Each structure stands twice: as structure tokens, then as C-alpha cells.
């Protein structure tokens, strides 16, 4: 018989950052930081609820637009002290982006109206 492996991921990701700040406060912050750092993009990075890896101390990042998703994985891996064997996946609107995509490209395609890009992370 077949062996079932893996589970679908619910699209129900809520972000503490969106819960803790009204829209216009977020938009004002995102607009101002895009003016101050025009070669970076503001990204909210938060743990998916079924993730079985560590928490991030900070959620609000400023990442160079020209860095790839792959480069960003390593920078985040280092902050959650992941063992090399441990998985790490980013999801934007519940979809894992290609590792060769740049953060600027992802931001242009998927930032919200508050000027933030939202990324959930998980080990599965």
C-alpha cells in the first residue's frame, strides 16, 4: 500500500507585526524606511506555527535588494542556530519562492500595501 508522507500547509498565517500595528502606522514605517534605504527591502520574518525549529529574536529586517533568497536563507539560519542537517523553508503567501530569486524581485512581486514583504519560515 501507499505510505502517506507530508502535510499540506494551511494558508492561515497571521503575523504579529500586522497584529500589533494599525495599517497606516505600518505603511508610514515601510514608506519611510524605503526612502532611507533605497537599496534594501523591509521584510517581516516570522515562524510558522507548526515549525519545529527555533524562534527568531527579531522579526523586522532590512535586506539588500540584490541578495538572493538563497543568501537570505543562510543569514536567517545563522540567527536561529540551525544545524546544517536541519531544513529551513520560506513561504510568501504560503508558497516557497525559488532560491535564485532576488529579495528585490520578491519584494516587487509580493510586498503588501504597507510596503512590507511578509515571509513565514518553517522546517517543514
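Positions refer to the first chain, counted from 1. Under this definition, the rigid core comprises the largest set of C-alpha atoms superposing within 1.5 Å between the forms.
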- When the other structures are laid on this one by the rigid core, do the CA atoms of 15-23 or of 102-110 sit farther away in 7 other deposited structures of this protein? 15-23
- Is 47-55 or 89-97 the stretch whose C-alphas end up farther from this model in 7 other deposited structures of this protein after a rigid core fit? 47-55
- Note on the structure: Comparing 51-59 with 87-95, the higher average Cα temperature factor in the PDB entry belongs to 51-59
- Message: Mean Cα B factor from the PDB record: higher for 115-123, or higher for 3-11?
- Response: 3-11
- Sorting the chain's modelled residues by C-alpha B-factor, tell me whether residue 31 ends up in the lowest, middle or highest third. highest
- Split the chain's modelled residues into thirds by Cα B-factor; residue 75 lands in the middle
